[PDB]
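Encoded as structure tokens, the structure appears first; notes follow it.
Note that the chains take the letters A, B, C, D, E and F in the order they are written out, and that residue 1 is the start of every chain.
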Amino acid sequence: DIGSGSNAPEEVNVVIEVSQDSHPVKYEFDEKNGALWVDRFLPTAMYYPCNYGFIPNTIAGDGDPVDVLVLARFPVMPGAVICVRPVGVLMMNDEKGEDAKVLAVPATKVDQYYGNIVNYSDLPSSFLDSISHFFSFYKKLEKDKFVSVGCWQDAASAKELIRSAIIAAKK
Amino acid sequence: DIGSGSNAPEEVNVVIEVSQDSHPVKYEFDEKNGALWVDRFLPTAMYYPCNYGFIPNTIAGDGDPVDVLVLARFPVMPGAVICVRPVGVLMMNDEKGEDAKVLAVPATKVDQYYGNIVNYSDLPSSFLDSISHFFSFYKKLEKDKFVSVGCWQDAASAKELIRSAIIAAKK
Amino acid sequence: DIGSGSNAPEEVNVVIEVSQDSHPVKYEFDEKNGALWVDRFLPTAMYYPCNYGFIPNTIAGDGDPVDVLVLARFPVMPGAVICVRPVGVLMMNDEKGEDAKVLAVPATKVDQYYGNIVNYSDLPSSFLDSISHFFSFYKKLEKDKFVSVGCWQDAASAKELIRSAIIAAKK
Amino acid sequence: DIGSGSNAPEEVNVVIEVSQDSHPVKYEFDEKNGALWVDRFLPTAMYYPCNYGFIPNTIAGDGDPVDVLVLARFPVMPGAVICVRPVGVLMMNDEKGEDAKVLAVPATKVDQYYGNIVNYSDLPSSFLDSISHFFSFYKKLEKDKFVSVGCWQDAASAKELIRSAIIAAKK
Amino acid sequence: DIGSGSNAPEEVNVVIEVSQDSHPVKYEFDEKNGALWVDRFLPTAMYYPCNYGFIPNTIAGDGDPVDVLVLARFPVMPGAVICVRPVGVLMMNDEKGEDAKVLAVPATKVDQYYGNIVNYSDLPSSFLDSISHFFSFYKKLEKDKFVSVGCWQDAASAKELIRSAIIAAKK
Amino acid sequence: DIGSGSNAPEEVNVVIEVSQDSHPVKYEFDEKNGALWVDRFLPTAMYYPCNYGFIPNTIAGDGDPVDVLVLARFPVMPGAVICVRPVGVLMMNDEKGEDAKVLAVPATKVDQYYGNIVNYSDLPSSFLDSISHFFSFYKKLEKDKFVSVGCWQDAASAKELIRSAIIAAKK
């Protein structure tokens, strides 16, 4: 009903599950109930470096909706929906298979601050490296999980990934 | 379904969209989905001086539900509903037309702290002026928006405005 | 629809109404609408010492769902659902009649931190006493309310209370 | 060095030790080092309902500086100094002996909001009662302490208490 | 004692007085005692969009130390010292006289994030405009004050202002 | 001035530099000025899982004061002093050389909660592992640093380390 966005994949809707810079409570929405659940408390002393959530009405390679990191000037509360522009994607493989993480900034009607951020490489490399580091290490204390983090790909690649996931949801 | 309140306009229900004293994330509910959206991040370094939301099942002069500023001792989270007593209304005209802002305090069963606050003029003038100032200036960096702030009117006037909006919703 | 949990009473679902260590805004869910309401601001300068909420699809002795205090490492937001293991119950009588408060910790899949907490008596007595103190005094400024706090009972007793409330909900 | 205030007792300086509405970490300054110490974490699930600190260069009846509750619109950080106007005093006996807690608001030059608060009785009774309840119950789990809370006295009384304490510090 | 910085004006020391994105409590250090004071609560519903403080051992044109806005990824507590790189300066006249606010980011050794910010014009224009708006309107409710905001000047200009202020403090 | 503690090494004084569970601003005190400095913002998306500070008037093997992780129920502000009981020590080598991080809880007089924590092994293993993981990975993006984390040793070992460091500071 919220949908992936009328202008997808150029701008997409993201339902936030975890706020930027929050305590490590990992919420997740249930598709059945529509309820927000605590999936876990992260066992590592790490925090999500962006707001984190998913694009409704998408099926990514691993069967779940596409996950998105939304960089913003302030945290967005879990359960809120935000319109965002994909700027890149971090490829990674984990215990679920292919589990890429799209990186996005707010749509310009939501905040003009990130207007000149078009690809992930327009952001500081140290910040991009913090994201890679986060996914590389946040699951290290969970013995049956693992993450092998790959490379960043550009906004175009992130948009094609989203396109594929939207088509998978229609099928 | 929540409705404007069984004792409207003397006490009314307000669905909170923005918490008092919060970072400038302007959430808004969608009537279609029922989802909370990020409308924008305020471009100005301002914050809502009260909790802010709307009375369900109302149609104000500008076609939207009546907007209410709810002064309280602590912030109320977005999406929560609170029963409040109108104490005044700040008249203003903006890019949407007539866009008055009702000022309210919690109903006495919710908090007796504001029991002797009956009209807006029972609150400090500096606080009332901060509200006028907020609406006067918070949109200054958005070129196609504008606000011309008028005068405060008393609790009786605020209640009649609400009555009109409730009747408009029935029609 | 969320239900009391497939493994109830050994592990149960709790819908959080008030976050641990929060300002004293007492939210409550409405069964009719499904909306979160502000019931009141506590008139006393006290705060809930654990996350606080209820087990869906239960009818306790006083006609309401079973109330649960969920101890966790971080606050859980109101409206989130968490899977918990009961560890004890504090008996008390108040203006509603029998109003016991179950004490729980997260299920081990949610956080292994509390793995060796099996009964309430595995927690510090000073903390248990803070809970008794909270219910003893938080309503003292509300003249028509009262609480007479009894003794703690063990995890087994808490589970049987929950069982009874689940059976009452089926009937 | 900071001193009690050039306009004492009409306006006095208070060094804040505990922020209003904060987690129950009770800091205390030490006069020897000027260091801020954690005296204790409150065992009870209570919080200071006003900012709390002391007037430098005073010796109250019990040998310590005059303690002051400073009501303000926002919390003030421990170690900051604020110029305040006494509006009343709450008499109490405790394990410091014959004690008293002055109630104050910021001086008008610091915040105009409370400029019309002349005496403690200009604040809501429900809030004054919350302060009395706080001192009556916050130490109840510490059986090596006790608090017997008396009555409120007016601004003139509070100022006289302060006058004497300043005189006592001069001698 | 702390001094303006061994590498000034390329990197300078700033003692923080107000945290970025905080409640509008405007602290100020006093040079006599070294005490942090509450100067005021802002009457307006605005917040400092950067951390805000001063360069020790400087005398700007108006007689006070050089004031600096320090943009950072997280707020810095009042009283902390941070090593920063000036990137520009916002000229303004106010009730302190011919004033100026230096804009800086942390030195690269403190945070790599802003290492590519060379001049104020490398930051988003929408944010620079937010800073100008803040100074233009934050004092509007204090009719004994006024602010006339001028133009931004570049990093080289900011550094020259600082050079002169250091020289002035030496003489 | 503050000193290591009259009851050292059974209870020691720790000056807090970083609050538990805080944003990754790593403050450090300077012994020359007594000023609190921002050393860095952590490049990684990690947070200190305990309060973190040092024991005054100690010289550990590597030349610096003894560093201490203080687990507590709430964060303690930087610059505050707290009396703690050592319960263990985590050995590690890093760019400071042969390092060690003492683990402590508040003294019983400060909080009764941890009164039954005698050794590090009385705390949950999952949490001890989180501490080890923090030191193993928090500096991974700083290639001019490295951390090789060793084993936990018991309270008696921690106290002996502290004893030696105090002796070293006396000589």
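In this text, contacts are C-beta pairs under 8 Å (C-beta built on N, C-alpha and C of every residue); 3 or more make two chains touch, one makes a residue touch a chain.
When the contact pairs of D-F are matched by residue number against A-F, A-E or A-B, over half are shared only with A-B.
Averaging Cα coordinates per chain places chain B and chain E 35 Å apart. Rounded to whole angstrom, the centroid-to-centroid distance between chain B and chain C, based on C-alpha atoms, equals 33 Å.
Within chain E, the positions touching two or more other chains are listed as 21, 23, 43, 74, 77, 79, 111-113, 126.
Pairwise chain contacts in this structure: A-B, A-C, A-E, A-F, B-C, B-D, B-E, C-D, C-F, D-E, D-F, E-F.
The touching residues of chain F, when paired with chain C in their complex, are 21, 74, 111-116, 124, 126-127.
Residues 21, 23, 43-49, 126, 129-131, 133-134, 137, 140-141 of chain D are the ones touching chain C in the complex. Looking at the complex, you find that chain A touches chain C at residues 23-25, 27, 33, 35-41, 43, 77-79.
Interface of chain A with chain B (complex): residues 1-2, 15, 72-77, 79-83, 106, 109-113.
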